[PDB]
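Student:
In PDB author numbering, the protein residues as written are 93 to 132.
#1: Judging by CA-CA distance, which residue of 119, 101, 96, 115 is the nearest neighbour of residue 109?
#2: On the DSSP letters alone, give me the boundaries of the beta strand (DSSP E) that residue 121 sits inside.
#3: Taking only three categories from DSSP, how would you classify residue 129?
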């Protein structure tokens, strides 16, 4: 699955990260699983 800051679109298993979240950027079209905790 998606390790980190790779891809969001959680189809079936491409965003494994219970310590992160689906973050988006300016584009807002290519979101990825980014850890917005900085604690894990």
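By construction, the Cβ of each residue, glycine as well, lies at the ideal position given by its N, Cα and C atoms.
Tutor: Reading from the atomic positions:
#1: By one-based count along the chain shown, residue 109 stands at place 17. Here the closest residue by C-alpha is 96.
#2: Here residue 121 corresponds to residue number 29 of the chain shown, with the count starting at 1. Careful: residue 121 lies outside any beta strand (DSSP E) and carries neither H nor E.
#3: Sequence index remark: in the chain shown, residue 129 carries index 37 (1-based). If DSSP states are grouped into helix, strand and coil, residue 129 belongs with coil.
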